[PDB]
Amino acid sequence: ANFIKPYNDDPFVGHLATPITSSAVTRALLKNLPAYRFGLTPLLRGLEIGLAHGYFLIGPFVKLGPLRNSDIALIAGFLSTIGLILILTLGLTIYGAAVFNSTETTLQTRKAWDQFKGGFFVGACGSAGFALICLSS
Amino acid sequence: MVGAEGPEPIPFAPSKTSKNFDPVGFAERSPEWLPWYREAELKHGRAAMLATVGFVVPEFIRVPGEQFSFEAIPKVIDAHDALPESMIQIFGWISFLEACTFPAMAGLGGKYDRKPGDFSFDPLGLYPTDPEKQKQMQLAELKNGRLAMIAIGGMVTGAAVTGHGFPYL
Amino acid sequence: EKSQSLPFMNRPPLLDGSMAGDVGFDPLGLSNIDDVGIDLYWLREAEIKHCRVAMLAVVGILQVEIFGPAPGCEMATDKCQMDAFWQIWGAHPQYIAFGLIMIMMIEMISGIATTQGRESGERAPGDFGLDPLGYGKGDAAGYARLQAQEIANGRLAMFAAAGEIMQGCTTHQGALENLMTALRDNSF
Amino acid sequence: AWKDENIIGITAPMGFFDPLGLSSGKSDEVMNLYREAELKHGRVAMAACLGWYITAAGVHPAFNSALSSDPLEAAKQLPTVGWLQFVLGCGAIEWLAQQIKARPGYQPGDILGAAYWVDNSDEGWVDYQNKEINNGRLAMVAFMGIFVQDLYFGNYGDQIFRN
Amino acid sequence: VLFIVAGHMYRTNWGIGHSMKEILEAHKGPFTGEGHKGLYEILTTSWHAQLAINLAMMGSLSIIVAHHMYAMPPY
Amino acid sequence: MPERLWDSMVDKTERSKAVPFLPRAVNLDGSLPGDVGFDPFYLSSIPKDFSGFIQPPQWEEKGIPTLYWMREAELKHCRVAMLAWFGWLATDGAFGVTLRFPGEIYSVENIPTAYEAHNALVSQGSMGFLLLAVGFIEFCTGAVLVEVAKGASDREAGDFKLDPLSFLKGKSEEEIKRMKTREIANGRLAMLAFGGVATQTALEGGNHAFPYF
Ligand code: CLA
Ligand code: CLA
Ligand code: CLA
Ligand code: CLA
Ligand code: CLA
Ligand SMILES: CC(=O)O[C@H]1CC(C)(C)C(=C=C/C(C)=C/C=C/C(C)=C/C=C/C=C(C)/C=C/C=C(/C)C(=O)C[C@@]23O[C@]2(C)C[C@@H](O)CC3(C)C)[C@](C)(O)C1
Ligand code: KC1
Ligand code: KC1
Ligand SMILES: CC1=C(/C=C/C(C)=C/C=C/C(C)=C/C=C/C=C(C)/C=C/C=C(C)/C=C/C2=C(C)CCCC2(C)C)C(C)(C)CCC1
């Protein structure tokens, strides 16, 4: 009858409850992603972000980079991934240096964002090195 | 309602009696399907009774056509596959008779007062007037109809395994 | 009240026996049309014009197939008048185009007289005032008989002129020798 | 009992259709598992029919445009690395539907969570829910009858109308 | 024939045919609220709304004419 | 789950007289001449206005009873088939004389049996003229069904005023109903009789000539 209602029963907030924003598929997927899952240390949050993101990011670098058709094609795609991860970790470092000023495990604080970007850098270089193993042998 | 008496013991099950014989329990699981079940039992019963007479009578006498003879078809068991133009005319006129019962099948519950299996078909008037032996006349149709349901499976496989005449070997 | 011609049907309400050939024969209810510039006035003017055109067409065929074409048009020589038209068009096409534009001026004036005669009430349908001998001056019972005789001969000639077109365009012979062909074919 | 608050699927010509009495006496918990089974069988079989009918005559491109004219032999030449992918990929959704199931206002086939917007009290939403389960029930038996005529009778196409 | 047959779709003085207003008000679903209700009153009271549709169609048509005249040359 | 249409079609108190296990149809009252309550598929109880085939329901609000439409269609099927079975046999010489028209298009050397007369005269053109002549009568007599559907006419079904010899001029209503029953009974038999002749000659066994077996 009506699959679009105002969000939070509030007709004047700038948001709608559609089956993209408020479906049970969306509510159950988003609450279990490591950005929003309840029982997670901020080191473990970023570690799951890094393991997801460092794994696929070796993909475009090995198959499309300048050393495509070489015998060092995989280690060139791995080194380009680590260089991209260090750029992204620098972006996380300068974000937390400006946004947060001086309860733990709450992600949007200064002490926890240093845990969050540390876990991202370990997980992203770890899963880029893991895909280095699975693509070679 | 009328078919649940006995004593008539169940063979290969010496403890069970046939009085209120319902081990799966279709009467309590779905009681609204019970007038559909009685209509289906009588239609299975009346078709199997003519199937028993129809399986042993063409063993001796044949209809005077010369595509139904013993030289044409000695066995009754392959007459279904040997006379296809004879089967469509049985299937066609039964299909007409069955299509005129769809508004009776569509009102088998509490729609109108037709009892299941009662097609108001008594031209010779053999239904008794007193009610207490009408039920045993109904019980005689069910017991003879249930027996012919068992028997036509034994008649056909008794002739499919051992190709022989009437009794069997 | 029932129709005279179709006594199982009710009488059509706009037909009341005032017109000449009125016996209530409108089963499709076409006299009740009042929308796309068409009403009972337009259909009666169309009936009367179809009557008079077809009446002249029948004797216009029977004049040439009996006594030949007119002098100046002796180039026809065909009893089939659907084919004899194309021999007059082949040789003297200007007189046919003279008549067809003279009809065009007459018919466009008659189309104005029909729609102005319908909006006003001073013109009967199919009436042009062409009574030069003056049959309409006296004996209104004998004048209504002439109004009915025009309609009765005109409704008959409508079938005859449509037939002589169609059995001239399909047999290529002519009307009177289509008639002799049918007489010898179906004699018993 | 359970059928009084679960009126989806109760459509003409039948009423509540249960000759064998499998719903009689059973709890609402196991009856909700039967609706979860009926909808999941009906939704896989509706997608199985559209998977069968496209690959039988039409648009079997690609897997390099080869491998497929008949749907049952086409389940052989593809690698099993592509099979357990499909097995793990559906099991990711079967895992996510468990999280949708472990929620208070969950209805036994509502993976989308349409009970947030409409309930079974408006007739147009019940009528469209019945259209899914009727076409699911029809595509269940019509997938089995067309699997079995390609397993045994050899033909994978339209044995009723033409080809 | 396809154009003459299509010119007998809409209701006029003889009862048969479709009302465009009743076509539009019937086409509404659970995502779109009232649906196409009120679009008949827009397109019979706003000349600008009709020109919005007719220019977007005649411009799209002229673009279709360009592709179809080079590829299937008609003259 | 909705109220079933079964209840609005049957009487549910009375049984059909011809088929005793079925309930009586709501429109079959025994007033019509051939009425013995025979409607096992309940086609008289169909709530559609069947005069929509002639003039659509969108033209104006009208409605003919289904039993009026069915009897008008039964009587037209009766009277066509009585003439057609007689016309098939008379042009085949079943009554002694092979009745043919005086034209040689219709002679027995041109058209040997009545089996071959349809396709021979669609090609010649006699059947196209019959379709004009029949269609003229059907446009002029079929429009009374619209008049009945509007509630304007009290005409009975199949009840033109065609009694040229006046067999029913001063007769009572039970002898008119007897005479209307003999029309219906001979018509229903001739409909099955035309079904026999048109099918038995169409088999590959043959016998296009009388007695068509
Ligand atoms: C924007 C258009 C475009 C594209 C598609 C490419 C593509 C490419 N460039 Mg080129 N290039 C471009 C513009 C582009 N270039 C421009 C504007 C310049 C400056 C003039 C260059 C200068 C340049 C140089 C000098 C070189 C290239 C090279 C390359 C190749 C590898 C690059 C790489 O490894 O990135 C890595 C890619 C990523 C890290 C991410 C890709 C984006 C991902 C896939 C998006 C995924 C989103 C996902 C689908 C959505 C979510 C899904 C789900 C979760 C919901 C690749 C073919 C290299 C080469 O050797 O060519 C063969 C190379 O040496 N480029
Ligand atoms: C198939 C035809 C048929 C039908 C529709 C019925 C229906 C009925 N019977 Mg009857 N019955 C039958 C055949 C049938 N029977 C036969 C052949 C016999 C002799 C063995 C009996 C002996 C019998 C007795 C003694 C009694 C009944 C009773 C009943 C009524 C009880 C309700 C019920 O349980 O439904 C039954 C539902 C079905 C029959 C359909 C289910 C079919 C199953 C699923 C298939 C398997 C059947 C069988 C085991 C096949 C074995 C072959 C296999 C191993 C290869 C119901 C009207 C009772 C009664 O009349 O109370 C008023 C009663 O007391 N029946
Ligand atoms: C439907 C009427 C009609 C038509 C279309 C024709 C057509 C023809 N006739 Mg025929 N004819 C007709 C009636 C008709 N005739 C009548 C009623 C007679 C007397 C019985 C004849 C006797 C006749 C003879 C003897 C011959 C023809 C010939 C011809 C052909 C050449 C003549 C020509 O083109 O003149 C050109 C047209 C004109 C000179 C003017 C036409 C009349 C004008 C438009 C006035 C009409 C007034 C109207 C009748 C009433 C008033 C209307 C309004 C005020 C209400 C031509 C095909 C000749 C032929 O070639 O045969 C093969 C020939 O020899 N006709
Ligand atoms: C105006 C009326 C009319 C008339 C008289 C004719 C006449 C004819 N047309 Mg034409 N035709 C007409 C209008 C007419 N048509 C129309 C409106 C069209 C369509 C536009 C056609 C289209 C057309 C075509 C395409 C053809 C004809 C043909 C014919 C001829 C065929 C013979 C026939 O069937 O006669 C009609 C037959 C009768 C009326 C039967 C007579 C019935 C008798 C009198 C009844 C008496 C019986 C009695 C009571 C019983 C007792 C006696 C018993 C004891 C012995 C005939 C000359 C054909 C032709 O040209 O042949 C060469 C032909 O091919 N017509
Ligand atoms: C269902 C009725 C019916 C039909 C469809 C036919 C059809 C045919 N007849 Mg047959 N015929 C019939 C009954 C019928 N007949 C009857 C009852 C007799 C008297 C015994 C005949 C005597 C007969 C003979 C002698 C011959 C035919 C022939 C033919 C064939 C060609 C006739 C033709 O086209 O000329 C056109 C016919 C006419 C114009 C006659 C008028 C028809 C009217 C307009 C029909 C409607 C009037 C109706 C009787 C009453 C109206 C009721 C209404 C007002 C409510 C054609 C296949 C011929 C043939 O080819 O044989 C092989 C042939 O020689 N018929
Ligand atoms: C408490 C409990 O459980 O105890 C049990 C114990 C007990 C006693 C065992 C019971 C039982 C189970 C029973 C009685 C099961 C019996 C089942 C039965 C009697 C099943 C045959 C049906 C007839 C047929 C199929 C006829 C076909 C007819 C024909 C003509 C054909 O064969 C087809 C054919 O001509 C064609 C068309 C095509 C050609 O190819 C050729 C052939 C010839 C093939 C109870 C009562 O349930 C209770
Ligand atoms: C509801 C959808 C449905 C349709 C529309 C349908 C139709 C046909 N079936 Mg199928 N059928 C099922 C469902 C359907 N069947 C199911 C659920 C099963 C159990 C798995 C099943 C089993 C078999 C077997 C063993 C055979 C079979 C056949 C036919 C053939 C009969 C025409 C005839 O000959 O009268 C027509 C096309 C025979 C055949 O010849 O297949 C080409 C055959 O041997 N069926
Ligand atoms: C009742 C619903 C219905 C379904 C569910 C269905 C399904 C399929 N049809 Mg069938 N079909 C009709 C109805 C249905 N078809 C109708 C009304 C007609 C006209 C009388 C018709 C005719 C043909 C012809 C000529 C062909 C055909 C095929 C297929 C095949 C592949 C999809 C496709 O391309 O249509 C799938 C199984 C082709 C084929 O069998 O390839 C091996 C083929 O050549 N169909
Ligand atoms: C499901 C789905 C989807 C999605 C997809 C995607 C997006 C995917 C992704 C995925 C991914 C993205 C994956 C990942 C993976 C990863 C991993 C698996 C990793 C691991 C790692 C490791 C294991 C490492 C380790 C280490 C370290 C840490 C350090 C030391 C060394 C080493 C190496 C040992 C879509 C949308 C289509 C829809 C449908 C369904």
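Analysis parameters
- Residues numbered from 1 in each chain as written, not as in the entry; some residues may be left out.
- Chains lettered and ligands numbered in written order.
- Part of a larger assembly, values for the part shown.
- Heavy atoms only, no water.
- Helix = DSSP H or I, 4+ residues; strand = E, 2+ residues; numbered from the N terminus.
- Buried < 20%, exposed > 50% of the residue type's maximum accessible area, 1.4 Å probe, protein only.
- Contact = heavy atoms within 4.5 Å.
- Areas by Shrake-Rupley, 256 points an atom, 1.4 Å probe, with all protein chains shown as cover.
- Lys, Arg positive; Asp, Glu negative; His and termini not counted.
- Charge placed at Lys NZ, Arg CZ, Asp CG, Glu CD.
- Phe/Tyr/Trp six-rings, centres within 6.5 Å; stacked < 30°, edge-to-face > 60°.
- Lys NZ or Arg CZ within 6 Å of the ring centre and 35° of its normal.
- Near = heavy atom within 4 Å.
- Polar contact = N/O pair within 3.5 Å; in protein donor to acceptor, adjacent residues only side chain to side chain.
- Nonpolar A, V, L, I, M, F, W, Y, C, P; charged D, E, K, R; others polar.
- Salt bridge = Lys/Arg side-chain N within 4 Å of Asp/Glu carboxyl O.
- Buried area = accessible area lost by both parts, 1.4 Å probe.
- Core = buried A, V, L, I, M, F, W, Y, C linked by side-chain atoms within 4.5 Å.
- Patch = residues over 30% accessible without salt bridge, like charges linked within 9 Å, V, L, I, M, F, W, Y side chains within 5 Å.
- Expected span 1.5 Å × (residues − 1).
- Axes fitted to C-alpha atoms, helices over the stretch in contact; angles between N-to-C directions.
- Parallel < 35°, antiparallel > 145°, perpendicular 65-115°, else oblique.
- Left-handed = near helix turned anticlockwise from the far one by under 90°.

Method information in the entry identifies cryo-EM as the source of the structure, with 2.4 Å recorded as the resolution.

I keep staring at the overall build of chain D and nothing clicks. Help me out?
Helix and strand content of chain D: three helices and zero strands. Dimensions of chain D, computed from C-alpha atoms along their principal axes, come out at roughly 50 × 35 × 30 Å. Here chain D, with 163 residues, has 28% of them falling under the buried criterion. Nonlocal contacts in chain D, meaning residues at least 24 apart in sequence, comprise 59% of its contacts between residues at least 6 apart. Put simply, chain D shows about 10600 Å² of open surface, and 65% of that area lies on carbon and sulfur atoms. Taking the average location of the 11 positive side-chain charges in chain D and that of its 18 negative ones, the two points are 2 Å from each other.

What should I look at first to understand the overall build of chain B in this one?
When helices and strands are tallied, chain B shows six helices and zero strands. Start at the N end of chain B and walk to the C end: the helices and strands fall as α-α-α-α-α-α. Dimensions along the principal axes, computed over C-alpha positions, put chain B at roughly 50 × 45 × 35 Å. Evaluated residue by residue, chain B yields a buried proportion of 25% over its 169 residues.

Hey, could you run me through the packing of aromatic side chains in this one?
How two aromatic rings sit relative to each other is given by the distance of their centres and the angle of their planes. Inspection of every chain in the model, using the stated rule, returns 25 aromatic pairs over all chains. When the centroid spacing of 5.0 Å and the interplanar angle of 85° are considered together, the rings of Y116(D) and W117(D) count as edge-to-face. Judged by its relative accessible area of 10%, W117(D) falls in the buried class. Of the aromatic side chains, those joined through ring pairs into one cluster are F3(A), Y116(D), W117(D), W125(D) and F31(E). For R27(A), the ring lying beneath its charged end belongs to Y116(D), and the centroid distance is 4.3 Å. Across the ring face of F70(B), the terminal group of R62(B) is positioned such that the distance to the ring centre comes to 4.2 Å.

Looking at this structure, how should I read the site of ligand 8?
All names here are of chain D. Around ligand 8 sit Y53, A57, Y156, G157, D158, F161, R162 and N163, and that is every residue in its neighbourhood. Measuring from a nitrogen atom of ligand 8, one finds a side-chain N or O atom of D158 at 2.7 Å. Here the residues of the shell around ligand 8 are counted per class, giving four nonpolar, two polar and two charged.

Explain the side chain of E164(C) here, please?
Residues and elements named next belong to chain C. Counting through the fold element by element, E164 comes out in helix α4 (residues 140-166). Buried and unpaired, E164 has no salt bridge, with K79 as the nearest side chain of opposite charge at 14 Å. Sequence-distant contacts of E164, defined by excluding residues within four places in its chain, comprise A57, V58, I61, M82 and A175.

Honestly, the arrangement of the chains in this entry has me stumped. Any pointers?
Out of eight pairs of chains that touch, the pair holding the most contacts is chains A and D. These two, chain D and chain E, are apart from each other, with no contact and a minimum C-alpha gap of 9 Å. The smallest C-alpha distance separating chain A from chain F is 21 Å, and no contact links them.

Help me out: how do you make sense of the interface of chain A and chain D in this one?
Quoted interface sizes are often the accessible area lost when the parts come together. In this complex, chain A contributes 16 residues to the contact, which on the side of chain D involves 13 residues. Summed over both sides, the interface between chain A and chain D buries roughly 1300 Å², with carbon and sulfur atoms accounting for 68% of that surface. Taken together, the connections running from chain A to chain D amount to five residue pairs in polar contact. In terms of residue class, the side of chain A that touches chain D is made up of nine nonpolar, five polar and two charged.

Can you help me understand the site of ligand 1 in this one?
All names here are of chain A. Looking at ligand 1, the residues that line it are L57, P60, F61, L64, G65, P66, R68 and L84. Between ligand 1 and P66 there is a distance of 3.2 Å, counted from an oxygen atom to a backbone nitrogen or oxygen. Among the elements that make up the shell around ligand 1, the one with the highest residue count is helix α3 (residues 58-64) (three residues). Grouping the constituent residues of the shell around ligand 1 by class yields six nonpolar, one polar and one charged.

Just to check I follow, could you spell out the pattern of salt bridges for this structure?
For side chains of opposite charge, pairing can occur when their charged atoms come near one another. What the rule picks out here adds up to 36 salt bridges over all chains. Across the pair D130(B) and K133(B) runs a salt bridge, and its minimum N-O distance is 2.7 Å. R11(E) is the partner of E22(E) in a salt bridge, and the nearest nitrogen-oxygen pair spans 2.7 Å. With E22(E) in helix α2 (residues 20-26) and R11(E) in the loop between α1 (2-6) and α2, the pair connects residues that are eleven residues apart, well separated along the chain. The partly exposed category is assigned to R11(E), whose relative accessible area is 39%. What emerges from the salt-bridge pattern is a single network uniting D11(F), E14(F), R24(F) and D29(F).

I would appreciate a short explanation of the nonpolar core in the present structure.
For soluble globular proteins, the rule of thumb is that nonpolar side chains tend to be buried together. Judged by nonpolar contacts, the single largest core of 16 residues is most densely connected at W113(A) and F116(A). Of all the secondary structure elements, the ones that give two or more residues to this core are α3, α4 (73-99) and α5 (110-136) of chain A. Per-element tally for this core: the top contributor is α5(A), with six residues. Every residue in contact with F116(A), bar those within four places of it in the chain, is listed here: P42(A), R45(A), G46(A), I49(A), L92(A) and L107(A). Ranked by size, the runner-up nonpolar core spans 14 residues in total, among them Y112(B), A25(F), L32(F) and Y42(F).

For this particular structure, what's the right way to read the environment of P40(F)?
Mapped onto the secondary structure, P40(F) falls in the loop between β2 (23-25) and α2 (66-90). Between the C-alpha atom of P40(F) and that of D92(F), which follows or precedes it by 52 residues, the distance is 37 Å. Excluding residues within four positions of it along the chain, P40(F) makes contact with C100(B), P103(B) and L22(F).

In this structure, what is going on with a nonpolar patch on the surface? I would like to understand it.
Residues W93(B), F96(B), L97(B), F41(F), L43(F) and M70(F) make up a contiguous nonpolar surface patch of about 640 Å² in total accessible area. Within the secondary structure, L43(F) sits in the loop between β2 and α2.

Honestly, α5(A) in this entry has me stumped. Any pointers?
Because an α-helix packs 3.6 residues into every turn, residues spaced three or four apart end up facing the same way. Residues and elements named next belong to chain A. Here α5 is 27 residues long and its end C-alpha atoms lie 39 Å apart, about the 39 Å a rise of 1.5 Å per residue gives. Among the residues of α5, those classed as buried are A112, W113, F116, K117, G119, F120, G123, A124, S127, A128, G129 and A131. Buried residues belonging to α5 abut α2 (42-56), α3 and α4.

Please explain unusual backbone geometry as it appears in this structure.
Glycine aside, the phi torsion of most residues is negative, and most peptide linkages are trans. The amide bond that connects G6(B) to the next residue, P7(B), takes the cis arrangement and shows omega of 0°. With respect to the helices and strands, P7(B) occurs in the segment before α1 (26-29). Cis geometry is found at the peptide bond from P61(D) to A62(D), where omega equals 0°. Mapped onto the secondary structure, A62(D) falls in the loop between α1 (28-57) and α2 (81-101).

It is not clear to me how the packing of helix α1 (residues 40-67) of chain C against α4(C) should be interpreted in this structure. Could you clarify?
All names here are of chain C. Axis separation between α1 and α4 bottoms out at 7 Å; the angle between their running directions is 60°. One way to sum up the angle between α1 and α4 is to call them oblique. Remark: the crossing between α1 and α4 carries left-handed chirality. Residue-level contacts link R44, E47, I48, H50, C51, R52, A54, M55, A57, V58 and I61 of α1 to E150, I151, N153, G154, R155, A157, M158, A160, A161 and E164 of α4. The residue inventory of the contact of α1 with α4, partitioned by class, reads twelve nonpolar, three polar and six charged.

Looking at this structure, I do not really get the environment of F55(B). What am I missing?
All names here are of chain B. Examined against the element boundaries, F55 turns out to sit in helix α2 (residues 34-56). Since its relative accessible area comes to 13%, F55 is described here as buried. Between the C-alpha atom of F55 and that of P7, which follows or precedes it by 48 residues, the distance is 29 Å. For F55, the residues in contact, after removing those within four places along its chain, are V76, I77, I152, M155, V156, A159 and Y168.

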